[PDB]
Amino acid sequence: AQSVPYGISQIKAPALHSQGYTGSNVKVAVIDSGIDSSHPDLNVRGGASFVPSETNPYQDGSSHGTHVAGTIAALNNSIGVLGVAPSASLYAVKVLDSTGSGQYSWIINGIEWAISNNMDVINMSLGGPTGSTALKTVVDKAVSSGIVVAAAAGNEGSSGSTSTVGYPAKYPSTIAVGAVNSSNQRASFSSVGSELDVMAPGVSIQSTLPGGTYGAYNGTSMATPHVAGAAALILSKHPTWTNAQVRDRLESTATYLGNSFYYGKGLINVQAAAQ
């Protein structure tokens, strides 16, 4: 039996599926710890590793690259879960090792690979309190080149009036994604700040795990792939739209949930975004 995780429904992805749009031909780079390319509920088209200690992008010792991949594009079939964009072309761009850690140089090499391989969408469920000019440059380059880049806002909660949004989410060029629960309340851990753009389900998100299993995780790192996946859905329905159009629709049609410091434009609604 296949389950549809609550988050997939919450963002209204099934509406697109019902229209015959599932992310076909859209190239999504999962810039993370790799993807277990053998998972029965995943199909991985290509990729590359930039982690010195881990040469194979199709093995995932962290679990998170595989989990993120499943939220984006877990296959529509009789098993497991269902991705926001179940027909999307997944690429495993390994820049984090099995500890979920990576150097900015590795991450940068991964973004460079995504650009030179003409990805349509980048998912970066990764963040730190700081970044670097070289990181900003390549991120901005990916976006100016035409790629939709979604990045996790961070799990640093609130701190009075100061931003707790991490990088690369902090860069204006990326879509910074915060986490709500199934009630549309911001999760207590969700980072806040003027850099916040949209929200997506990020509490107990069920997805694929290496080895052919499934499990749930909390975090903005799990909210982000809903937005990456939504971008792919939108592109499959509207192949001629630029990344700027895609982002504008996602933000402009979001469901208002509260003050933007905490919720950005609110919850993505891919049905409205792709209308």
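Numbers follow the displayed sequence, beginning with 1.
Asks: So, looking at the entry's B-factor column for Cα atoms, which has the higher mean, 52-60 or 66-74?
Replies: In the deposited entry, the stretch with the higher C-alpha B-factor mean is 52-60.
Asks: Reading the B-factor column of the entry, which of 92, 200, 143, 122 has the highest value at its C-alpha atom?
Replies: In the PDB entry, the greatest C-alpha B-factor among 92, 200, 143, 122 is found at 143.
Asks: Tell me, please, which of 109, 162, 191, 181 has the highest C-alpha B factor according to the deposited entry?
Replies: Result of the comparison over 109, 162, 191, 181: 162.
Asks: Of the three thirds of its chain by CA temperature factor, lowest, middle or highest, which one includes residue 24?
Replies: Middle third.
Asks: Ranking the modelled residues of this chain by C-alpha B-factor as given in the entry, is residue 46 in the lowest, middle or highest third?
Replies: Middle third of the chain for residue 46's C-alpha B-factor.
Asks: Comparing residue 267 with the other modelled residues of its chain, is its CA B-factor in the lowest, middle or highest third?
Replies: CA B-factor rank for residue 267: middle third.
Asks: Would you mind ranking residue 171 by its C-alpha B-factor against the rest of the chain and naming the third, lowest, middle or highest?
Replies: Lowest third of the chain for residue 171's C-alpha B-factor.
Asks: Place residue 210 in the lowest, middle or highest third of its chain's C-alpha B-factors, as listed in the PDB entry.
Replies: According to the entry, residue 210 has a C-alpha B-factor in the chain's highest third.
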